[PDB]
Each structure stands twice: as structure tokens, then as C-alpha cells.
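These protein sequences, in sequence, are chains A and B.
First residue of the first sequence? That's 1 in our numbering, and the numbers climb one at a time after it.
First residue of the second sequence? That's 188 in our numbering, and the numbers climb one at a time after it.
Just below is one structure, and these are the notes that go with it.
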Amino acid sequence: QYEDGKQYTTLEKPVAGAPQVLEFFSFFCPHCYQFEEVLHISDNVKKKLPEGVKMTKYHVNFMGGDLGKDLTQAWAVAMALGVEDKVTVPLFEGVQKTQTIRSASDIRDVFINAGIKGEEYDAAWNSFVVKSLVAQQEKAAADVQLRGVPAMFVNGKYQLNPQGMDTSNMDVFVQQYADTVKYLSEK
Amino acid sequence: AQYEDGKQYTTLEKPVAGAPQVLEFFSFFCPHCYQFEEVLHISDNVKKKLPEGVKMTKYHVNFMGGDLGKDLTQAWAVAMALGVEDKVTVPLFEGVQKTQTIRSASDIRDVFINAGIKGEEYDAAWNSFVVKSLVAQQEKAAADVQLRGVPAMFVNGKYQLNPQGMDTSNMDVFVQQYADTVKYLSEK
Ligand SMILES: Cc1nc(-c2ccc(C(F)(F)F)cc2)sc1C(=O)N[C@@H](Cc1ccc(O)cc1)C(=O)O
Ligand code: NA
């Protein structure tokens, strides 16, 4: 029983050439921590979607002050090096659980400890490839008039509405969320 | 340590009458709350340094958890009603955050049963007026201190701990600084 306003909302001005599935998060975002560590939303959405569908995940600037911008640049590094899955957990825990991530250096340490060579990290950090990925993340958020995280957009036309879903059972919530993404992608 | 308003603690503009002597707020969904309790043992270390007669109170809140969050607050009310907080705190934190075995109210109940509380006793407590009242008490206390987030601790409804705020460069030092601050405030 899908209804606009319930499981999802519809953007007023759809974004052209938008990614099929686009997620925004912040490492400072508490629901984003839950979505990644506890619920594994991205993994479960991926499992429910066809192989052909591309999922994109971008970091945002508007949580966490100066460190917030640094983390967006760090996420650009992770995308450029293809090590998202190596650093997502220690970045989330470093920010929200242990609160040991306080500076860019602390972010660098996380990449080092996750097996990324220091020289490779620094080269990426300062690269124009990464500068462009930072620009891409910012523009994407601006295109959908992003006001908060977590957020997921389907074909630049629909936005998921987790608030409209059932939150008594974690796996029911995940099922309803993932099923909504599939429904919207086939729309 | 040299204590100053605004440093190790802040002072509520609207103090709360009849508040518990030492009141801690947490959520089982809250990862820094997991850090506080399961890793740092803040509650326990504060209690060790508390003066004789001063009891600790700990309430559950629901900023992140939706309906399941409400179930957790009611289950925490049951833990308080039964006096089994020290038996279920660990498996609730680990079950929600680490093993991800706690996904519904039924899984919460299973934790109490595995910790030695009979199912019929858990259910009796769950549906009791005592637990209904305790749920309301936890909410009201959070409202009274204008709670913004967790973890948080309040002393005599007048002072709010400010860990920000403290030497969080060494976890052992942080814990003693935090516990010493609670002792100081309780003595004022
Ligand atoms: C993004 C988000 N995700 C949530 C969620 C997801 C899963 C689960 C479960 F445990 F079941 F897995 C619980 C909550 S609330 C939530 C969220 O946006 N929460 C709001 C408050 C709110 C909560 C429930 C409503 O029906 C309406 C408003 C806030 O934090 O201010
Ligand atoms: Na605190």
C-alpha cells in the first residue's frame, strides 16, 4: 500500500541525470550510525535491487563543523581509492563511539590502520580527482535541496521517508525500507 | 582539579525539585552510551566515589529508537522494578549494538529470561502499574532537565556534567576526572 507522503515523498523538481540510488550521510549523524552498523540499510537495499542498479553514497558538510568538511574530503579519498568498506566502521566509531577523531590527522590515522598506505592517502587527499569528488558530493546535495541526513533518493525523483515506516522491529523496518526502494526504482 | 561553573559542569537555569541525587540518562541505541557504560564504566566509577547514602539513578530515553526504543524504555522500567539492572545492562547493550540479536521486544524479553527472570514474572512486571509509572517518571525527568542528548548526568537536579569539558586524551584519566566531578557536586 504505497502512498506519497507515507513510505516516500516526491521531489518538486526532479534532478536530471541523477544516480539511480543515491544515499547521503554524515559520520556525525546518529541515525546514520544506526543505519550502517545496526540496520545495514545499504547492504540490504543492494541485496533487494537488481545487479544492474548502481548505488552511490555521498558524505555531507553540514554536521560537525571543520571536521565535517574534512570527513567529506576523506570520504572522497575513500571513493577514489575504493576503500569505503575499510573505513566506514572505524570512522563512525571514531566520531560517535570513542570520540577519538578530533582532527584531520586522526582521520588519516584511521586510513593507515585500515591498511591504506600513508603515501597513497596523502596523494589522494591533495589530488584534484578528490577535489572534484568533493565538488560532486556538494552539488548532488544542492541538486536535491538536501536539508538533513540520512537521506536516500531514487532516480532523482523520490526521497525515502523512514519516518513513515514501522519501527517496532528492526528487520521489518529494513524490509519495508528496501522494498520501498525497489518499488520506487521500478516506478 | 579546580572546579568552576561552566568548566567541568554547568548549572541549570531551571533547577529540578525532588530530583534523584545523581541522575544518569542513556539509551541502548546510543554508541557513546555503550562506550560510557560497557567500556569506561562511568556509572560504576562514579558510584565508587559517591558519599555514603548517595544513590545513583539511571533512566532510559528514546532519541533514536522509534517504537522499539519505547519498548527498551519500558524494559528498562522492568529492570528497575525487578532490581535486575546489573544483570541485563550488558546483554541489552551487546544485543542491540554488537551481536545485533535484539531486534524486537520479544528479543528483549529473551534477554531477561536468559538472565534468570522468569517469563511470567517479566510479563507481570511489564504490564504492572509500577512499570507504567516508571516509564512516565523517566520521560518526566528528561523533560524536566530539558534533555538534549545522551549520555548525560545531573546532580541534585541543579548541575549538569560537562565532559567536553574534561581531559578526554586518556580514558582512565577522563573517568576519574568525571567521577571526581560528580563527588564534588554532590558535596556542594
Ligand atoms: C531516520 C529515522 N530512522 C528511525 C528508525 C529506524 C529504525 C528503527 C528500528 F529499530 F526499527 F530499526 C527505529 C527508528 S526514526 C528516524 C527519525 O527521523 N526520527 C525523528 C523523530 C521521529 C521518529 C519516528 C516517527 O514516526 C516520526 C518522527 C528524530 O530523530 O527526530
Ligand atoms: Na555526561
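From the three backbone atoms N, C-alpha and C, an ideal C-beta is built for every residue, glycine too.
Take the Cβ of residue i as the centre, count every other Cβ of all protein chains shown within 10 Å, and call the residue buried at 16 or more, exposed below.
| i | result |
| --- | --- |
| B:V360 | exposed |
| residue 222 of chain A | Since the displayed chain A opens at 1 and closes at 187, residue 222 of chain A lies outside it and no answer follows. |
| A:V129 | exposed |
| B:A262 | buried |
| B:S293 | exposed |
| A:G65 | exposed |
| B:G240 | exposed |
Going by beta-carbon coordinates alone, are residue i and residue j separated by less than 8 Å?
| i | j | result |
| --- | --- | --- |
| B:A268 | B:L210 | no |
| A:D179 | A:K57 | no |
| A:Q159 | A:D166 | no |
| B:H219 | A:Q99 | yes |
| A:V181 | A:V154 | yes |
| A:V89 | A:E138 | no |
| A:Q7 | B:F216 | no |
Measuring straight from C-alpha to C-alpha, what distance separates residue i and residue j?
| i | j | result |
| --- | --- | --- |
| A:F111 | A:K117 | 8 Å |
| B:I289 | B:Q189 | 43 Å |
| A:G115 | B:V265 | 45 Å |
| A:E186 | A:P50 | 10 Å |
| B:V337 | A:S168 | 21 Å |
| B:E200 | B:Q284 | 35 Å |
| A:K46 | A:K54 | 9 Å |
| A:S26 | B:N232 | 32 Å |
| B:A323 | B:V248 | 11 Å |
| B:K274 | B:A312 | 16 Å |
| B:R335 | B:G344 | 15 Å |
| A:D70 | B:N301 | 45 Å |
| A:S127 | B:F250 | 39 Å |
| A:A141 | A:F24 | 8 Å |
| B:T197 | A:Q20 | 48 Å |
| A:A151 | A:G17 | 18 Å |
| B:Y309 | B:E191 | 45 Å |
| A:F92 | A:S103 | 14 Å |
| A:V174 | B:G193 | 42 Å |
| B:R296 | B:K319 | 17 Å |
| A:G164 | B:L255 | 15 Å |
| A:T72 | A:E119 | 20 Å |
| A:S42 | B:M358 | 33 Å |
| A:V15 | A:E84 | 25 Å |
| B:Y371 | A:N161 | 46 Å |
| B:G282 | A:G94 | 21 Å |
What in chain B is Cβ-close to residue i, meaning under 7 Å?
| i | result |
| --- | --- |
| A:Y33 | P218 |
If the cut is a Cβ gap below 9 Å, which residues of chain B does residue i touch?
| i | result |
| --- | --- |
| A:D171 | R290, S291 |
Below 8 Å on C-beta distance, what does residue i contact in chain B?
| i | result |
| --- | --- |
| A:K97 | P218, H219, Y221, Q222 |
| A:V38 | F216, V283, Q284, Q287 |
Run down chain A in chain order and give the residues with a C-beta less than 7 Å from the C-beta of residue i.
| i | result |
| --- | --- |
| B:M251 | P30, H31, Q34 |
Counting only Cβ pairs nearer than 8 Å, list the residues of chain A close to residue i.
| i | result |
| --- | --- |
| B:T355 | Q99 |
Going along chain A in order, which residues have a C-beta closer than 9 Å to the C-beta of residue i?
| i | result |
| --- | --- |
| B:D254 | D166, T167, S168, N169 |
Return the first residue and the last residue of the alpha helix (DSSP H) that residue i is part of.
| i | result |
| --- | --- |
| B:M340 | Note, B:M340: premise wrong, no alpha helix (DSSP H); beta strand (DSSP E) at 339-342. |
| B:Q284 | 272-284 |
| B:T260 | 253-269 |
| A:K131 | 128-143 |
| A:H31 | 30-33 |
| B:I229 | 229-236 |
Between which two residues does the beta strand (DSSP E) harbouring residue i extend?
| i | result |
| --- | --- |
| B:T368 | Element bounds for B:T368: not the beta strand (DSSP E) but the alpha helix (DSSP H), 358-373. |
| A:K117 | Element bounds for A:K117: n/a, residue is neither H nor E. |
| B:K245 | 243-247 |
| B:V209 | 209-213 |
| B:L348 | 346-348 |
| A:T167 | Careful: A:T167 lies outside any beta strand (DSSP E) and carries neither H nor E. |
| B:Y196 | 196-198 |
Can you determine whether any heavy atom of ligand 4 sits closer than 7 Å to the C-beta of residue i, and answer yes or no?
| i | result |
| --- | --- |
| B:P350 | Only ligand 1 and ligand 2 can be found as ligands here, which leaves ligand 4 out of the picture. |
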